[PDB]
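First the structure, in the form of structure tokens, and then the observations on it.
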Amino acid sequence: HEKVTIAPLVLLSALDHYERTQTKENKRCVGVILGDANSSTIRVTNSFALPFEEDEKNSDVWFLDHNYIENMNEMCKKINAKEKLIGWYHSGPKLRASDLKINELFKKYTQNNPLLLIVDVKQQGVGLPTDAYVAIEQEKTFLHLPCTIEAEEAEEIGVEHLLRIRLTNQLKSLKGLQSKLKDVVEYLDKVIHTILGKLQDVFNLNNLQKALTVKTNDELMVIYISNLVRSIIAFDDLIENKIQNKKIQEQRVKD
Amino acid sequence: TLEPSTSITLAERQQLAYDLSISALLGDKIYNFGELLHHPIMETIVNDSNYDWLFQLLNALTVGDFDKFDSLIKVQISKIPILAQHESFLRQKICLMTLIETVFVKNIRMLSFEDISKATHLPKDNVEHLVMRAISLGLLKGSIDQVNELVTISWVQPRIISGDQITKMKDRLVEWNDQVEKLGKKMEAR
Amino acid sequence: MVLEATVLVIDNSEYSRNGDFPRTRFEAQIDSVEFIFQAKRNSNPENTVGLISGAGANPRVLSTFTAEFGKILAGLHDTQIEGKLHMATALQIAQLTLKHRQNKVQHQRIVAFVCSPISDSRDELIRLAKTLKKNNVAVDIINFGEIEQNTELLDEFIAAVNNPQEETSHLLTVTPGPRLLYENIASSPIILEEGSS
Amino acid sequence: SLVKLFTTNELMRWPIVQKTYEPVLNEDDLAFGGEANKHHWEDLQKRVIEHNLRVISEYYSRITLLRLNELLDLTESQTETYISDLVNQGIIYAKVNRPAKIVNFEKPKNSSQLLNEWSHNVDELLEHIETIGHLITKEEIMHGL
Amino acid sequence: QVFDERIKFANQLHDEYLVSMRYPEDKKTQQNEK
Amino acid sequence: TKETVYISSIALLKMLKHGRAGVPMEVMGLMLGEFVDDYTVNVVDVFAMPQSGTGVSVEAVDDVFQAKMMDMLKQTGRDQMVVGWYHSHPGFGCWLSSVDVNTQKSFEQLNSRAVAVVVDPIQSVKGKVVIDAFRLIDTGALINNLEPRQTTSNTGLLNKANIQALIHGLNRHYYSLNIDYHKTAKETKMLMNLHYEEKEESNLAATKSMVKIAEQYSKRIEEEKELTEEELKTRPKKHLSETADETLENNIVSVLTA
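Chains E, H, Y, F, U and R are the protein sequences, given in the same order.
Numbering-wise, the first sequence is residues 5 to 142, 151 to 176, 188 to 215, 223 to 235, 259 to 308 according to full-length UniProt numbering.
Just so we're on the same page, full-length UniProt numbering is the position in the second sequence counted from 1, plus 197.
Residue 12 in full-length UniProt numbering sits at position 12 of the third sequence; the count goes up by one each step and never skips.
Just so we're on the same page, full-length UniProt numbering is the position in the fourth sequence counted from 1, plus 297.
Just so we're on the same page, full-length UniProt numbering is the position in the fifth sequence counted from 1, plus 458.
Numbering-wise, the sixth sequence is residues 23 to 217, 230 to 269, 276 to 298 according to full-length UniProt numbering.
Below is the structure:
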């Protein structure tokens, strides 16, 4: 599959618009992304904002500015001519049912499949909660793609200036287990379709991990053997330094 | 596209059901009767005027009685050579998928010849043949061992529309969440 | 007359798809937009006219406020003439559209052409008229053949926003007598006292 | 239709058709023009044996010589002749056990190969966990309606 | 089980290496040198 | 004298990206924010001006394009006027040219509080952005001779040559300043997203090394044997310690897979 990369310039741009647009009472701020989707790795080097207002009790009322789309063409094209509109982004933690109708408005300006980017403004997740989706023909479905961080001279300089293993993964595995656990509890309470089909894929593919235990410990002892021959070398860098430090002490006594 | 518009009357719905009743019975692709109970197909027609054999097909395929298929399909239908070959293909797939969930406990999906032969009333020569054909179509993965008299079958079919394992797999997620949380607390201490 | 923003709404429903006008009114409604556009454009050198089609296509935003008719005419040919006219969600999204103007001192005005009775309830129009009255939103309702086969469902919307003609709440009805297209809005207080007609 | 039967070949009905229906077999017009009934069937029987051995090698882990001879419709000498030839060509690797009168079609794997395939499953399980994780929000429209 | 004790024996002398080597260097810092 | 100039975290990332247009081609763009008296310059948002072939001159500024963009920024939540503009001088130090003096003087009648910022993205690759600002004089704290710009502290003049020679003598178009950044609590975790999405990549690298576990340790042991002979024939330890460090990272992490 393809890849999606979001620069920290786009990250901080979407996260700052929360307090800039006075977004509260669980609302969203619809932006726009600028990148090159022609390659296999989608990289967004520019982003902007758009005014968005939606009623809480009415999902059929939403405001969008299509005039600002033509305003960035008179600006960005005079600086970077390789910037095009590959889609938009949202500041909400989870998508709603209105995103299906938003794709009809941007399909004329975008020259390719629009990209759906979701950025969590609450920062309540672990790692990179920012996710991306690609709308294709199912009627329509959203194909998720992994999100990475852009590494370039135009970003890491500003990141290092403002700012300056398994234990982290343990908290990440709990998020995947509790997500499926709470989904079953909410399902049984509201009743007594794609999740039920893919749910048993994990159960039939951790009692099954105990059959290879005989072959698992075969390569585990090699790790300790590699550490045993390395442990002897560890003393070679120590005792040798003790001999050198002893010769330094003999010169300090004569002083 | 027939339900929203374009002659939504029951006149075209009863005529369309004649095509699905013949195709779903002979079709070996997705289950046998599984797709009939999900989509409201039989609910749009009546129970009389040669529509009765479609409703009785559910109990005939579920029980597995061979004598029911003789009286269910007369000579005006079974005379086609297609159903003559598919006459034995209906009871082989359902009884094969039934033995998978029956023997399954934790890690053991293994079957044998006596469980398959007594269920389908077929000789051991057809156990390594008719079942092998379903494996090659993508329904199953594991194979059958003729020497040691052991049948090792993997899990492929997602088994849609179950509902019994939903309450059983709920405790599986709790068991997985407790083992990770127990090992996760030891990582913070040391 | 003065500097103001006008939001136009085109009606596309089962009645517009059926026999309406010998010129295929859906194409003549495009000319009806040209009639009011040339009148408001010649009045002031700077004007903002929007286009929103909410009938049968679900609420959408076609083109924003612009002083040229080039992009307005091309977007109408790609729309759909089927569906039903919903003015409940069409008028609510037009209020937020009024904020798209540059100078907020401009007069807010909404001109909508209703050729068919709406199937939506009238309860949402009661609270909508009271909100538009506080912001002084000019309401222009053009009813074509709506009062014949059905009553007025927008009468309750006009009654709550009811104000003298110097501000808002202007209710009009197309004359059933045969006449020219641009003459229907000439006698009505729409293009009167403007640059052209 | 015979192409899709390469994987499902049971060898049972093949000699029945091979001895009855030969439309393109012993009669050639626009390509070979025909040669002889034995020449077209000389390499034909050798290939049909190869189609069955590929299925058994990809299905049966081990099978007795008594049953293998009944599935190949050959003798004991003709059975090991075509099997041993495919081993030298680098196609099918099968260990024939004479005392047990069986042929083991399971190829040996090292400890690193068994643990490598186990690593692909762990990365595959994370794909299903990630996929279902995003389906909760996608299916929230129907659940939250 | 035996391989686990070899790591314990290797790291046991590592901590004692810093104690034995660094201690005699404490007096050379306070004493005045040329 | 010195003062405190606050710059938002979002403004720094945009100025570094704008300066990437080209090294030989100088870039210029506007800024937004507020002020506290004369001693505080708040930089909140920045604007990107179009390029010009005149090399950032007084005639390279377009007020028509400026008025159209600033009116559109009001719908995006920007209530702040223009606090100045930044001009990149890559490859050199922080100094003002003869063109920048005539260009900045033209904006004195428009906004007397405008600030001309000199950013150097070439020398900023070291992890700390080298940047300097220059502000016009609205007086009101000065008139003839006074002492504005409270809280003189932190660094000194530095810069390069011309503007360093005169500080209090001519304060009009140039004088030294300092750079400060103010971040909130929510802006701290914004840059923390670099490190279960990343958990899959941890086991993904272990999958490739699972089949290569025999090949990886084969090159490590044979390398330690060759480095041992070099230490014996010396009668070194630096190259030997580097190999043991890579072996430690390939062992404990590989155990974490179980």
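Note that CB positions come from ideal geometry on N, CA and C, so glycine has one too.
Going by C-alpha distance, which of H/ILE350, H/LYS365 and H/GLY261 is nearest H/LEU308?
Stepping through the second sequence from its first residue, residue 308 of chain H is reached at position 111. If we check each option's Cα against that of H/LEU308, H/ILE350 comes out closest.
For a contact meaning CB atoms closer than 8 Å, what does E/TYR277 contact in chain U?
Looking up residue 277 of chain E in the first sequence gives position 224. Chain-ordered, the chain U residues with CB closer than 8 Å to the CB of E/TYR277 read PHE461, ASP462, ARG464 and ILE465.
When the Cα of E/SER279 is compared with those of R/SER294, R/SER175 and R/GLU260, which residue comes out closest?
Position 226 of the first sequence holds residue 279 of chain E. Considering only R/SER294, R/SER175 and R/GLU260, the residue with the shortest C-alpha distance to E/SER279 is R/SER294.
Go ahead and label Y/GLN29 buried or exposed: buried means 16 or more other beta carbons lie within 10 angstroms of its beta carbon, across all protein chains shown.
Translated into positions along the third sequence, residue 29 of chain Y becomes position 29. Buried, since its Cβ has 16 or more Cβ neighbours within 10 Å.
Is it buried or exposed for E/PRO118, if we count other Cβ within 10 angstroms and need 16 for buried?
Indexing the first sequence from 1 puts residue 118 of chain E at position 114. With 16 or more Cβ atoms within 10 Å of its Cβ, E/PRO118 is classed as buried.
Using the beta-carbon count (16 or more within 10 Å), is E/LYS205 buried or exposed?
Here residue 205 of chain E corresponds to residue number 182 of the first sequence, with the count starting at 1. The residue is exposed, with fewer than 16 neighbouring Cβ atoms inside 10 Å.
What is the C-beta distance between Y/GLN80 and Y/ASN12, in whole angstroms, given that I count them as a contact (C-beta under 8 Å)?
Translated into the one-based positions of the third sequence, residue 80 of chain Y becomes position 80. Translated into the one-based positions of the third sequence, residue 12 of chain Y becomes position 12. Under the criterion of beta carbons closer than 8 Å, Y/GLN80 and Y/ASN12 qualify as touching, at roughly 6 Å.
Own chain partners of R/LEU164 with C-beta closer than 6 Å, once the 5 adjacent residues on each side are dropped
Locating residue 164 of chain R in the sixth sequence gives position 142, where the first residue counts as 1. The answer, listed in chain order, is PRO170.
Chain R contact residues for F/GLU427, given Cβ-Cβ distances below 8 Å
Here residue 427 of chain F refers to the residue found at position 130 when the fourth sequence is read from its first residue. Listed along chain R, the residues sitting closer than 8 Å to F/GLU427 by beta-carbon distance are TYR230, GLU231 and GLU234.
Quick one: is E/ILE140 near chain F, going by C-beta distance under 8 Å?
As a working mapping, residue 140 of chain E is identified with position 136 in the first sequence. No, no contact with chain F.
H/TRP373 (DSSP reduced to helix, strand or coil)
Taking the first residue of the second sequence as 1, we reach residue 373 of chain H at position 176. Note: H/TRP373 maps to helix in three-state DSSP.
Which value, in whole angstroms, describes the spacing of the CA atoms of R/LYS246 and F/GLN410?
Against the sixth sequence, residue 246 of chain R aligns to sequence position 212. Against the fourth sequence, residue 410 of chain F aligns to sequence position 113. Pairing R/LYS246 with F/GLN410, the inter-Cα distance amounts to about 10 Å.
Should Y/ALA94 be labelled buried (16 or more other beta-carbon atoms within 10 Å of its own) or exposed?
Within the third sequence, numbered from 1, the residue matching residue 94 of chain Y stands at position 94. Around the beta-carbon of Y/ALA94, 16 or more other beta-carbon atoms lie within 10 Å, marking it buried.
Residue range of the alpha helix (DSSP H) that Y/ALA186 falls in?
The residue labelled residue 186 of chain Y in the question sits at position 186 within the third sequence. 181–187 is the extent of the alpha helix (DSSP H) around Y/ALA186.
Distance between E/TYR72 and Y/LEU76 (C-alpha atoms, nearest Å):
Locating residue 76 of chain Y in the third sequence gives position 76, counting from the first residue. Locating residue 72 of chain E in the first sequence gives position 68, counting from the first residue. Their Cα atoms are separated by approximately 21 Å.
Comparing C-alpha positions only, which one of R/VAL147, R/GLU130, R/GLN186 and R/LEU118 sits nearest to R/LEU38?
Position 16 of the sixth sequence, counting from 1, holds the residue named residue 38 of chain R. Scanning R/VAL147, R/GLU130, R/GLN186 and R/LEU118 for the CA closest to the CA of R/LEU38 turns up R/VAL147.
Going along the stretch 60–85 of chain E in order, which residues come within less than 8 Å of chain Y, judged by CB to CB distance?
Hits within the stretch, in order: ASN62, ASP64, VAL65, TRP66, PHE67, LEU68, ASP69, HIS70 and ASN71.
Classify R/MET214 as buried or exposed, calling it buried when 16 or more other Cβ atoms lie within 10 Å of its own Cβ.
Residue 214 of chain R sits at position 192 when you count from the first residue of the sixth sequence. Label assigned to R/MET214: exposed.
At what residues does the beta strand (DSSP E) containing R/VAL65 begin and finish?
Against the sixth sequence, residue 65 of chain R aligns to sequence position 43. That run of the beta strand (DSSP E) goes 62–65.
Are the Cβ atoms of E/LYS7 and E/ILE46 separated by less than 8 Å?
Reading the first sequence from its first residue, position 3 is the one you call residue 7 of chain E. Reading the first sequence from its first residue, position 42 is the one you call residue 46 of chain E. For the 8 Å CB-CB criterion, E/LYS7 and E/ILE46 form a contact.
Judging by CA-CA distance, which residue of F/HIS431, F/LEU371 and F/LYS343 is the nearest neighbour of F/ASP382?
Indexing the fourth sequence from 1 puts residue 382 of chain F at position 85. Ranking F/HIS431, F/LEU371 and F/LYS343 by CA distance to the CA of F/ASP382 puts F/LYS343 first.
Can a CB atom of chain E be found closer than 8 Å to the CB of Y/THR89?
In the third sequence, counting from the first residue as 1, residue 89 of chain Y sits at position 89. A Cβ of chain E is located within less than 8 Å of the beta carbon of Y/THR89.
Output, in chain order, the set of chain H residues within a Cβ distance shorter than 9 Å of E/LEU190.
Start at 1 with the first residue of the first sequence, and residue 190 of chain E comes out as number 167. What E/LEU190 touches in chain H: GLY381, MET384 and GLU385.
Which term fits F/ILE426, buried or exposed, when burial requires 16 or more other beta carbons within 10 angstroms of its beta carbon?
For the purposes of this step, residue 426 of chain F is taken as the residue at position 129 of the fourth sequence. By the 10 Å Cβ count, F/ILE426 comes out buried.
Whole angstroms is fine: what's the gap from Y/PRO59's alpha carbon to Y/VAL114's?
The residue you call residue 59 of chain Y lines up with position 59 of the third sequence. The residue you call residue 114 of chain Y lines up with position 114 of the third sequence. The alpha-carbon atoms of Y/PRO59 and Y/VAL114 are separated by roughly 15 Å.
When the Cα atoms are used, what is the spatial distance from F/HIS337 to F/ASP325?
The residue you call residue 337 of chain F lines up with position 40 of the fourth sequence. The residue you call residue 325 of chain F lines up with position 28 of the fourth sequence. Approximately 10 Å between the Cα atoms of the pair.
For F/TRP415 and chain E, any beta-carbon pair shorter than 8 Å?
Here residue 415 of chain F refers to the residue found at position 118 when the fourth sequence is read from its first residue. Chain E contact via Cβ: present.
So E/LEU194 is in the alpha helix (DSSP H); what residue range does that whole segment cover?
Counting from 1 along the first sequence, the entry for residue 194 of chain E is found at position 171. Counting along the chain, the alpha helix (DSSP H) containing E/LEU194 begins and ends at 189–214.
Is it a yes or a no for the stretch 348–356 of chain F touching the stretch 389–397 of chain F, going by three-plus beta-carbon pairs under 8 Å?
Touching, per the Cβ criterion.
Identify which residue in F/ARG395, F/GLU307 and F/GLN315 has its Cα closest to the Cα of F/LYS335.
Here residue 335 of chain F corresponds to residue number 38 of the fourth sequence, with the count starting at 1. Closest option to F/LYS335, Cα to Cα, is F/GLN315.
Tell me whether R/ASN193 sits in a helix, a strand or coil according to DSSP, three-state version.
In the sixth sequence, counting from the first residue as 1, residue 193 of chain R sits at position 171. Annotated three-state conformation of R/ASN193 is coil, per DSSP.
Please return the same chain residues whose Cβ sits closer than 8 Å to the Cβ of H/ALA214, not counting the five positions on each side in sequence.
Here residue 214 of chain H corresponds to residue number 17 of the second sequence, with the count starting at 1. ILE238, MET239, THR241, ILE242, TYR248 and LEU251, listed in sequence order.
Given a cut-off of 8 Å, decide if E/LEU174 and R/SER31 are closer than it, judged by their beta-carbon atoms.
On the sixth sequence, residue 31 of chain R is found 9 positions in, with the first residue counted as 1. On the first sequence, residue 174 of chain E is found 162 positions in, with the first residue counted as 1. Yes, Cβ-Cβ distance for R/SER31 and E/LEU174 is below 8 Å.
Tell me the DSSP secondary structure of R/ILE29 in three-state form.
Here residue 29 of chain R refers to the residue found at position 7 when the sixth sequence is read from its first residue. It is a strand residue.
Status (buried if at least 16 other CB within 10 Å, exposed otherwise) for E/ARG32
Taking the first sequence and counting its residues from 1, the one referred to as residue 32 of chain E is at position 28. Flag for E/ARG32 reads buried.
Give the secondary structure of E/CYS80 by DSSP, where H, G and I count as helix, E and B as strand, and everything else as coil.
In the first sequence, the residue the question calls residue 80 of chain E occupies position 76. Helix at E/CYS80.
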